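The structure appears right after this line, and notes come after that.
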Amino acid sequence: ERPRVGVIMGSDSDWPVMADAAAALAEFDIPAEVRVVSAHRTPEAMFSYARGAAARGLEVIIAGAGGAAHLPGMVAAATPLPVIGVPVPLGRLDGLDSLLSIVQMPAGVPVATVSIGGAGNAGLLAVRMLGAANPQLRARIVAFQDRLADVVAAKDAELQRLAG
Amino acid sequence: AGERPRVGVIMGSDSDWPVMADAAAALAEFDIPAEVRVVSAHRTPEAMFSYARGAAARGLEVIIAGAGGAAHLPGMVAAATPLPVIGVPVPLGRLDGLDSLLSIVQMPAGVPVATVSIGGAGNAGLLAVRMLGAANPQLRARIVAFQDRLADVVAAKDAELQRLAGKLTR
Amino acid sequence: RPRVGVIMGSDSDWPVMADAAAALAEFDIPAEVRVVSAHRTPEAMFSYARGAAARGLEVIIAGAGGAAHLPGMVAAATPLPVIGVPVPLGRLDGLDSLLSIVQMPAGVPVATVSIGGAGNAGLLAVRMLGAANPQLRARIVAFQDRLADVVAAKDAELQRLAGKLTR
Amino acid sequence: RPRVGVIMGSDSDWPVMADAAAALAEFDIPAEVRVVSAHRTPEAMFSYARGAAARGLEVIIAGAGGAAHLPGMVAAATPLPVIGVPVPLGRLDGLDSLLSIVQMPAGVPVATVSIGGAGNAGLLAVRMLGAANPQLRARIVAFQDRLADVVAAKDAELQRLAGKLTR
Amino acid sequence: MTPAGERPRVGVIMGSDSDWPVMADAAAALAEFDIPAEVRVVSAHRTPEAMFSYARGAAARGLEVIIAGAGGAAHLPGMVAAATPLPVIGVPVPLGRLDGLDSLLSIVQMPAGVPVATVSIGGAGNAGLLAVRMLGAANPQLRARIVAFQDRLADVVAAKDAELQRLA
Amino acid sequence: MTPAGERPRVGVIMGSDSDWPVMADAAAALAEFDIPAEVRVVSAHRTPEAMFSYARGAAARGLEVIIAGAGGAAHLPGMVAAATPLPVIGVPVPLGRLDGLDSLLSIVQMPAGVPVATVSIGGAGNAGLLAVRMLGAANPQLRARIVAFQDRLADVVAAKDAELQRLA
Amino acid sequence: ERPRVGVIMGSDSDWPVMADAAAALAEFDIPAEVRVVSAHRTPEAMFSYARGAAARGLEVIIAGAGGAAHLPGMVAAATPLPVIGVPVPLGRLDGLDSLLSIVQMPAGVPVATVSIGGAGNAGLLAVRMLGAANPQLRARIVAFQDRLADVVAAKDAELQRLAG
Amino acid sequence: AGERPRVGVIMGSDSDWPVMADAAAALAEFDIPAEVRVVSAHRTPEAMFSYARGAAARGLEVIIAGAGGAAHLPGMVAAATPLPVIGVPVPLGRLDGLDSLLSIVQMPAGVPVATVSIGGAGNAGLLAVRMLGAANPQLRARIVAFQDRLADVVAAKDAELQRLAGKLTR
C-alpha cells in the first residue's frame, strides 16, 4: 500500500531518534516511508518532496531536524499538508535551539511541534490526525490508550516491590 | 451560526480570549464551524475531563487548547481523548511564555500535543485547517489557494519596499 | 495507615523519588508509594487525588518530568497540600519540569522543591506535619541540630586535611 | 495571635506580597506582616526565624527577589514550613528569584510557589493548616467548588459573547 | 550617499515589511560607504519558490553579499545561504516574545556545511558594516575608508566623555 | 591541499591551544579550498598587547579574513574586530559549563559600530567555509568552486538516504 | 585629592546606571573619577587607561558595559588592580548577555562581577576593597551597615500601615 | 604552615572542596596565608554568622565563599562582615551552575558580592590577590610579573601551534 505518512530527517544520524516515529506508525499499521531529506544540503529535493507529497497520497509529514532546524518549517511552507516537527537535540544546548527553531513559526505557516527527541509522539500524533474523522482508527487509538494504562499498573507493581 | 462545531477552541481562563480569538478567526476564514469555551484543567478538572471525553462523540475532530504559565490544559485534554490536540502557549506576565511553551511541548512518550508558537493561536487555527484538509481534496485546494494569496501579498510588499528604498535613495 | 503519599509518573522516576520515601522513614512517618500517571492514567490519577483525604492522607508528594502535570493536577483535585518534585529527564536538566510544576496560576498552589529534590520534599512534608505536633516538631529541631553537628565535624576534618596537605 | 507570618525584604515587595495577606484573610487566618531583610538585617531575620515557633506561628511565607535568600535563611533557622515567593525585579522576570529560592540543596527545604505567586502562597499555607483541621479543610473544598463555579459562569459568558459576535 | 540607478552589490532582504524599521539600518550603513544596495521582501515561509529564485540568481547578477533579516523561527538567512555561494549575513529580528533569542538560535546554529554570518539581535547596522568589511577585504581603497571610519568612532567617544564630566 | 610556504590569506586564531581540537576544522576547510592560512594562539585576556598588534598588522600583511575562536567570556573576536578593518568571524568555543551559550552571547551581541560575523557554537568548519565564501564574493573562479561544493553536498545525502532505507 | 577609584563605561548612555557607583563612593568620601572609555571604539584609550591606572594612584576600577560586554575583562587584562564589572542591561536579553560576557572569565584573569545594573553595589564593593586593611574605613562600613538596618525598620513601619 | 590566615576560603559543603581547592592553590602561589573551612549558610546559620562577624578581628582581609544550587553562603557572609566577599558559583548536578551564578551575583542594592565565573575558584584566589595588592607595591609587582609570565606562555604556545600547523601543511 502507498505511504500515508512520510518520516523525514536531515541526516541518517537522526535515525536513532526518528526511528521511534516509524515504530509508532507501524504499531497502528499505517503505511509510511522514511527519507533523508536535508533543507540545507538538498533544498531542491526538499522542495520537491514537500510539493509532491499530497499527490503521492501522503496525508501527514513528520520531519526531524536539529540546531537551526529549518526542515519542518520549509516543508510546511511548500505543502498544504499538516507537518509535525521533531526537534532533534544536537551536541550543545540539549535541543533548545532545535525547539525554538521549529516551534516559533510566525503567523501564516504552522508547524505541529512535539517534545525534544519526541519522535515516538510525533508518530502517535500523526495517527491521531489520521483518526480524527476515521471512527475505526479512532477506536484503535482508544484501545491503545486503555492498554497504556495497563502498562502503568505493571510499573506500579514493580515500584511496590522496589520500595520493599 | 448555530452550526454543530467541528473544532473546539478552549482556554484555561477567559483572560486568554484576546489571544485565542485568532484561532476562531482562522477557522472562520475556512468556514470551519468551531466553538469557544473556557475549560480549566486546574480549577475544573472534572469538567475538563468531561469535555475531552465527550468531544469525539459530539463531532469534534480537533481541539485547540490555550493556557499559560504551568500550562496543563492541552496535555490533560490530550490524555482524555483520541483526537489530535493543538496546544497554544499563552504568554503571561513573566517569562514571555517560555514556561507556557515548555509545559505544553515537552510531553513524555505516550501522549502527544501538537504545539505551536507562543501566542500563535492563528497558526493553531490554520493547523487545524490543514488537519481537516489532509484527506479532503476540496478543503485542501482552499488551503493551497490561501497559500498562493499569502505569496502574492509578499510580492506586492516586495515591490512596495523596493519603491520605498528607491525613493529614499533618490 | 499512610499519612503521606509519594507518587510519580513512571517507575523510572524512582531513583529520584526514593529519597522522599527515605526522608519520611527517617521520621517514622507512614507512607505509601505509587506509580500514577497524569497523562497515561488520568482516571486513576483523579481517583487517587479525590480519595486521598478520605483515605487519611495529609500530604501528597508528586514527582514528574518534562511537561510535568502530575503535581498540579493532583493539587487541583484535593484540598491537601501537594509537594511537587521536578524530575530531570534526558534534556533540559529539569528546567522544563521545574517551570511546569512551579508556575501554577492563581487558585491552585503546588509547593515546589528543587530539581531532583525528593529528599527535601520528604523533609518538607515532615515540617508540615510537625508545625502543630509538639513531639514531631522537637524531632525536626533535633534533626536540624544534627545537621549542624555534621557540618562542624566536616569543617574540622577539612581543616585537618588541608593541614596534612601543607605539612 | 498570628498563625502565619508574611515577610519580605522590602516594602517595595508589597504590591506582590499583599496577595498572600489577602488569601489568608479570606480564610480568616490571623497573620502578621513584616519587612525583614536577610541581607540588610541578618540579625533581625535570624531572630524572627528562631522565635517564630515560640511565638505560635505555624507557617512562614517569605518573599524576595534577585539573589533571593530570605526564604532559605528563614527555613534554615526554624522547624516550621517556609513558603518562598519569588519576587520578580527589574531584570530577568524573577528567574533569578525562582532559582535562588527553589534550588535548596539537601537538608533544608523551601516550598516554592510561582513567580509573583503570593496569592497561591497564602492558599498553600491554608492547605497546610487545613490538612488535619476538619472545619478548615471543608472551607478549602468549598473554596475549590466556588472556583469551579466561576469557571462554569465564565465559560457560559464566553459562549454568549462569541454568539453575539457571530450574530 | 549612493546615487540612484547603480547595479546593486549587496542585497538587504527580510521576511516581512514589518522588519523594515530594523533592517533600514543595514541599508543606511551601506549608503554611508557608497555601496549600492537593493532592498527586498523575501519570505522563506510564505514564498519559498521566490526565495530560492532570489538566492540562486544573486551572484549572476553581481551581488556579492546578502544581508537577511528574520524573526522567530528565522529560516530566511539559512535557506538563502543553502542556495547561494555568496556570504550571507543573518540579522536576528526580535519579535513580541523572547527578545530575539529564538531568532538568534534559529540563525546562528547552522549545522556543518552551510554557514551564516550572524550578527547581534536587531543589529542591522552592524550587518551593513560587516558587509562593507567583506567588500573591503581585498579592496585597499575601501579598506582605508573603513580604518578612517574606525578612527573617527574614537573622536565621538571623546565628546561623550566630555558630556559625562558635565553630568558627574 | 594548500602547499607549504604560501603567504597566508586567512588567519585562524584562538585564545588558548586547548581550543585547537575545535578550531582545527576551520583550518581544514580552508585547506580544502586551497586557501593559505596561518594558525595562531592570540589571547585577548593574557596577551592584550600582542592581540592588538596582530589585529592592526593583519591587513598590511595581506590577510583578508580573521577567524577567531574563544570560549566563556569570549572577547577575542570582538577585540580583534575593534582593531582591524578586516571581517572577523567569531567561533564560540563551548567550555565546561553552559554549552557555549556564554561564548555565543559574548561574541554575537556586539553593540553598534564593530561587527563580528558569528557562527554556531563549535562551528569552526563553518567558519572556514564562510571565510571561503567571503573570498569568493568577487572571485568568480573561487565562487564556482563553492557552487560545486554545494552541489556535491547533495550527492552525500543520497548515500545517507540509501543507508536509511537499509536501516528502516 | 587624586582619585583612588575609577568609574568607567563605554557610553555616556550608561550613566543613568553607573551614576550609582559614583554616588556610593561619594557617600564614603572616596576620591573618584568617571570616564567614558570604550573597549570597542577606543581600544587604545582603554589600554592606556588600564595600564596607567596604578601609577596614577587608582586602587580599583569599576567598569560598566552591555551586550558583548568586554570592557571590564579587557581592563583587567591590562592592569594588576582589581576590576569590578557592572553588567549594563541593553534593549534585549535584560543584561543576561552582559552578565555572561563579564563574569565567565577563563582561568588567569579575574573580574569581580556585580548584579545586572548593580552600579551602586559596585561602589560599595570598591569601598569594602579599600577597607579590607584600613581599620578606620572598615569602621565606617560597619556604621553604614548599622544605618542600613535602621532604614529597614522604617520600611517595616510603612508596611504595617499599608497592611491596614 | 601554622601562619595566621589573611584570606578565608570557605564553602557550603566538603563536596565543594575539589573546586574550591584551586582558590587555596592560587593564594599559595602568592605566599598569602589562607584557611579553608566548611561553613554552611543552610545547615549552620548561627556558625556561619559567627564566622563572618569574627573574620576581620581575626585578621582576615578577604573571604572567598563557594556554594552551589540556591547558593546563599557568599551573600549571607557579606551581610555580616564589612570585608569584601568573593563568591564562587559551584556547579551542581543540574543546570551547570546557572542557578549558583544567579543566586550569588544578583544581590540587590545594599550588600555586594564580587562574583567570579562558574567553577572559577582559581580566579577567586587571583582576585583576592589583586585586592591585597591594590595598595601594596611589592605584591602588586608580583602580580605584574605573574601576568607577564602568562603572556610569555601564550607566546610559546603560539609558536608551537604554528609549528604544528606548518607540519600538517607539510
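Chain identifiers are assigned as A, B, and so on, following the order in which chains appear in the C-alpha cells; residues are numbered from 1 within each chain, and ligands are numbered from 1 in order of appearance.
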
Interface, chain F side, toward chain E (8 Å; only C-alpha atoms) as a ChimeraX atom specification: /F:64-65,82,84-87,89,108-121,123,125-127,129-130,133-134,136-138,143-144,146-147,150,153

Residue list (strand (DSSP E), DSSP) for stretch 34-82 of chain D, as a ChimeraX atom specification: /D:34-35,59-65,82

Go through chain H residue by residue and, counting only C-alpha atoms, keep those with an atom at most 8 Å from chain C; for each kept residue give the shortest atom pair and its distance in Å to one decimal, ordered by chain and increasing number, as a Markdown table.
```
| residue | atom | partner | partner_atom | distance |
| --- | --- | --- | --- | --- |
| H:1 | CA | C:166 | CA | 6.3 |
| H:13 | CA | C:151 | CA | 7.7 |
| H:14 | CA | C:154 | CA | 6.7 |
| H:35 | CA | C:159 | CA | 7.7 |
| H:36 | CA | C:159 | CA | 6.2 |
| H:37 | CA | C:155 | CA | 5.5 |
| H:38 | CA | C:155 | CA | 4.4 |
| H:39 | CA | C:155 | CA | 7.1 |
| H:40 | CA | C:151 | CA | 7.0 |
| H:43 | CA | C:148 | CA | 5.4 |
| H:44 | CA | C:148 | CA | 5.1 |
| H:94 | CA | C:93 | CA | 5.5 |
| H:95 | CA | C:93 | CA | 6.0 |
```

Shell around stretch 86-89 of chain G at 9 Å using only C-alpha atoms, local window under 5 positions removed, as a PyMOL selection string: (chain D and resi 91) or (chain G and resi 14+17-18+62-67+69+72+94-103+112-119+122)

What are the closest atom pairs, with distances in Å to one decimal, for all residues of stretch 81-148 of chain G lying within 12 Å of stretch 13-27 of chain F? Consider only C-alpha atoms, order rows by chain and residue number, and present the result as a tab-separated table.
```
residue	atom	partner	partner_atom	distance
G:105	CA	F:15	CA	11.9
G:106	CA	F:15	CA	10.0
G:107	CA	F:16	CA	10.9
G:108	CA	F:16	CA	11.6
```

Pull the closest atom pair for each residue of chain G that gets at most 10 Å from chain D, along with the distance in Å to one decimal, counting only C-alpha atoms, ordering rows by chain and then ascending residue number, as JSON lines.
```
{"residue": "G:89", "atom": "CA", "partner": "D:91", "partner_atom": "CA", "distance": 8.0}
{"residue": "G:93", "atom": "CA", "partner": "D:92", "partner_atom": "CA", "distance": 8.1}
{"residue": "G:94", "atom": "CA", "partner": "D:91", "partner_atom": "CA", "distance": 5.4}
{"residue": "G:95", "atom": "CA", "partner": "D:91", "partner_atom": "CA", "distance": 7.4}
{"residue": "G:96", "atom": "CA", "partner": "D:92", "partner_atom": "CA", "distance": 7.7}
{"residue": "G:115", "atom": "CA", "partner": "D:66", "partner_atom": "CA", "distance": 8.7}
{"residue": "G:116", "atom": "CA", "partner": "D:91", "partner_atom": "CA", "distance": 7.5}
{"residue": "G:117", "atom": "CA", "partner": "D:91", "partner_atom": "CA", "distance": 8.7}
{"residue": "G:145", "atom": "CA", "partner": "D:40", "partner_atom": "CA", "distance": 7.2}
{"residue": "G:146", "atom": "CA", "partner": "D:41", "partner_atom": "CA", "distance": 8.6}
{"residue": "G:147", "atom": "CA", "partner": "D:40", "partner_atom": "CA", "distance": 9.4}
{"residue": "G:148", "atom": "CA", "partner": "D:40", "partner_atom": "CA", "distance": 6.2}
{"residue": "G:149", "atom": "CA", "partner": "D:41", "partner_atom": "CA", "distance": 5.2}
{"residue": "G:150", "atom": "CA", "partner": "D:41", "partner_atom": "CA", "distance": 8.7}
{"residue": "G:151", "atom": "CA", "partner": "D:40", "partner_atom": "CA", "distance": 9.0}
{"residue": "G:152", "atom": "CA", "partner": "D:35", "partner_atom": "CA", "distance": 6.9}
{"residue": "G:153", "atom": "CA", "partner": "D:35", "partner_atom": "CA", "distance": 7.5}
{"residue": "G:154", "atom": "CA", "partner": "D:35", "partner_atom": "CA", "distance": 9.1}
{"residue": "G:155", "atom": "CA", "partner": "D:11", "partner_atom": "CA", "distance": 5.7}
{"residue": "G:156", "atom": "CA", "partner": "D:35", "partner_atom": "CA", "distance": 4.5}
{"residue": "G:157", "atom": "CA", "partner": "D:35", "partner_atom": "CA", "distance": 8.2}
{"residue": "G:158", "atom": "CA", "partner": "D:11", "partner_atom": "CA", "distance": 7.3}
{"residue": "G:159", "atom": "CA", "partner": "D:11", "partner_atom": "CA", "distance": 5.9}
{"residue": "G:160", "atom": "CA", "partner": "D:33", "partner_atom": "CA", "distance": 7.0}
{"residue": "G:162", "atom": "CA", "partner": "D:14", "partner_atom": "CA", "distance": 8.5}
{"residue": "G:163", "atom": "CA", "partner": "D:33", "partner_atom": "CA", "distance": 7.5}
```

Write the residues you've just listed into a file as a CSV table (one decimal), in the first residue's frame, and include C-alpha atoms for each of them.
```
chain,number,residue,atom,x,y,z
G,89,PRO,CA,21.3,45.7,30.5
G,93,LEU,CA,18.0,39.9,26.9
G,94,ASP,CA,17.8,42.0,30.1
G,95,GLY,CA,21.5,42.1,30.6
G,96,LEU,CA,21.9,38.3,30.6
G,115,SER,CA,24.4,42.3,39.7
G,116,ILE,CA,22.9,43.4,36.4
G,117,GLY,CA,22.6,47.2,36.8
G,145,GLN,CA,25.6,48.7,57.7
G,146,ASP,CA,24.0,49.6,61.1
G,147,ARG,CA,22.3,52.5,59.5
G,148,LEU,CA,21.0,50.3,56.6
G,149,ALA,CA,19.3,48.2,59.2
G,150,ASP,CA,17.6,51.3,60.6
G,151,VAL,CA,16.1,52.0,57.1
G,152,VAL,CA,14.6,48.5,57.0
G,153,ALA,CA,12.9,49.2,60.4
G,154,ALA,CA,11.4,52.4,58.8
G,155,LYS,CA,10.2,50.3,55.8
G,156,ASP,CA,8.6,47.8,58.1
G,157,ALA,CA,6.8,50.6,59.8
G,158,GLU,CA,5.5,51.7,56.4
G,159,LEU,CA,4.3,48.2,55.7
G,160,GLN,CA,2.3,47.9,59.0
G,162,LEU,CA,-0.1,49.7,54.3
G,163,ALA,CA,-1.4,46.4,55.7
```

Contacts of stretch 130-139 of chain A within 10 Å, only C-alpha atoms, excl. fewer than 3 positions in-chain, as a PyMOL selection string: (chain A and resi 4-5+28-30+59-60+124-127+142-145) or (chain B and resi 56-57+59-62+81-84+131-132+134-135)

Distance filter 12 Å, only C-alpha atoms, chain B against chain E, as a PyMOL selection string: chain B and resi 89-101+116-120+144+146-170

At a cut-off of 9 Å, can you tabulate as JSON lines every residue of chain D near chain C together with its closest atom pair and the distance in Å to one decimal, using only C-alpha atoms and ordering rows by chain then number?
```
{"residue": "D:53", "atom": "CA", "partner": "C:131", "partner_atom": "CA", "distance": 8.3}
{"residue": "D:57", "atom": "CA", "partner": "C:131", "partner_atom": "CA", "distance": 8.4}
{"residue": "D:58", "atom": "CA", "partner": "C:131", "partner_atom": "CA", "distance": 5.2}
{"residue": "D:59", "atom": "CA", "partner": "C:131", "partner_atom": "CA", "distance": 7.3}
{"residue": "D:76", "atom": "CA", "partner": "C:144", "partner_atom": "CA", "distance": 8.3}
{"residue": "D:77", "atom": "CA", "partner": "C:144", "partner_atom": "CA", "distance": 8.7}
{"residue": "D:78", "atom": "CA", "partner": "C:141", "partner_atom": "CA", "distance": 7.8}
{"residue": "D:79", "atom": "CA", "partner": "C:141", "partner_atom": "CA", "distance": 5.9}
{"residue": "D:80", "atom": "CA", "partner": "C:131", "partner_atom": "CA", "distance": 5.6}
{"residue": "D:81", "atom": "CA", "partner": "C:127", "partner_atom": "CA", "distance": 5.2}
{"residue": "D:82", "atom": "CA", "partner": "C:124", "partner_atom": "CA", "distance": 8.7}
{"residue": "D:83", "atom": "CA", "partner": "C:111", "partner_atom": "CA", "distance": 7.6}
{"residue": "D:99", "atom": "CA", "partner": "C:114", "partner_atom": "CA", "distance": 8.5}
{"residue": "D:101", "atom": "CA", "partner": "C:114", "partner_atom": "CA", "distance": 8.7}
{"residue": "D:102", "atom": "CA", "partner": "C:114", "partner_atom": "CA", "distance": 5.1}
{"residue": "D:103", "atom": "CA", "partner": "C:114", "partner_atom": "CA", "distance": 4.4}
{"residue": "D:104", "atom": "CA", "partner": "C:114", "partner_atom": "CA", "distance": 6.0}
{"residue": "D:105", "atom": "CA", "partner": "C:114", "partner_atom": "CA", "distance": 7.6}
{"residue": "D:106", "atom": "CA", "partner": "C:120", "partner_atom": "CA", "distance": 5.9}
{"residue": "D:107", "atom": "CA", "partner": "C:120", "partner_atom": "CA", "distance": 6.3}
{"residue": "D:108", "atom": "CA", "partner": "C:120", "partner_atom": "CA", "distance": 6.6}
{"residue": "D:109", "atom": "CA", "partner": "C:120", "partner_atom": "CA", "distance": 5.1}
{"residue": "D:110", "atom": "CA", "partner": "C:113", "partner_atom": "CA", "distance": 6.5}
{"residue": "D:111", "atom": "CA", "partner": "C:111", "partner_atom": "CA", "distance": 4.6}
{"residue": "D:112", "atom": "CA", "partner": "C:112", "partner_atom": "CA", "distance": 4.8}
{"residue": "D:113", "atom": "CA", "partner": "C:102", "partner_atom": "CA", "distance": 5.6}
{"residue": "D:114", "atom": "CA", "partner": "C:103", "partner_atom": "CA", "distance": 4.4}
{"residue": "D:115", "atom": "CA", "partner": "C:103", "partner_atom": "CA", "distance": 6.8}
{"residue": "D:117", "atom": "CA", "partner": "C:106", "partner_atom": "CA", "distance": 7.0}
{"residue": "D:118", "atom": "CA", "partner": "C:106", "partner_atom": "CA", "distance": 8.8}
{"residue": "D:119", "atom": "CA", "partner": "C:106", "partner_atom": "CA", "distance": 6.6}
{"residue": "D:120", "atom": "CA", "partner": "C:109", "partner_atom": "CA", "distance": 5.1}
{"residue": "D:121", "atom": "CA", "partner": "C:109", "partner_atom": "CA", "distance": 7.0}
{"residue": "D:122", "atom": "CA", "partner": "C:109", "partner_atom": "CA", "distance": 8.8}
{"residue": "D:123", "atom": "CA", "partner": "C:109", "partner_atom": "CA", "distance": 6.6}
{"residue": "D:124", "atom": "CA", "partner": "C:109", "partner_atom": "CA", "distance": 5.7}
{"residue": "D:125", "atom": "CA", "partner": "C:81", "partner_atom": "CA", "distance": 8.5}
{"residue": "D:126", "atom": "CA", "partner": "C:81", "partner_atom": "CA", "distance": 8.7}
{"residue": "D:127", "atom": "CA", "partner": "C:81", "partner_atom": "CA", "distance": 5.2}
{"residue": "D:128", "atom": "CA", "partner": "C:81", "partner_atom": "CA", "distance": 5.8}
{"residue": "D:129", "atom": "CA", "partner": "C:128", "partner_atom": "CA", "distance": 8.3}
{"residue": "D:130", "atom": "CA", "partner": "C:80", "partner_atom": "CA", "distance": 7.5}
{"residue": "D:131", "atom": "CA", "partner": "C:58", "partner_atom": "CA", "distance": 5.2}
{"residue": "D:132", "atom": "CA", "partner": "C:58", "partner_atom": "CA", "distance": 6.7}
{"residue": "D:137", "atom": "CA", "partner": "C:79", "partner_atom": "CA", "distance": 6.6}
{"residue": "D:138", "atom": "CA", "partner": "C:79", "partner_atom": "CA", "distance": 8.4}
{"residue": "D:140", "atom": "CA", "partner": "C:79", "partner_atom": "CA", "distance": 5.9}
{"residue": "D:141", "atom": "CA", "partner": "C:79", "partner_atom": "CA", "distance": 5.9}
{"residue": "D:144", "atom": "CA", "partner": "C:79", "partner_atom": "CA", "distance": 7.9}
{"residue": "D:147", "atom": "CA", "partner": "C:107", "partner_atom": "CA", "distance": 7.6}
```
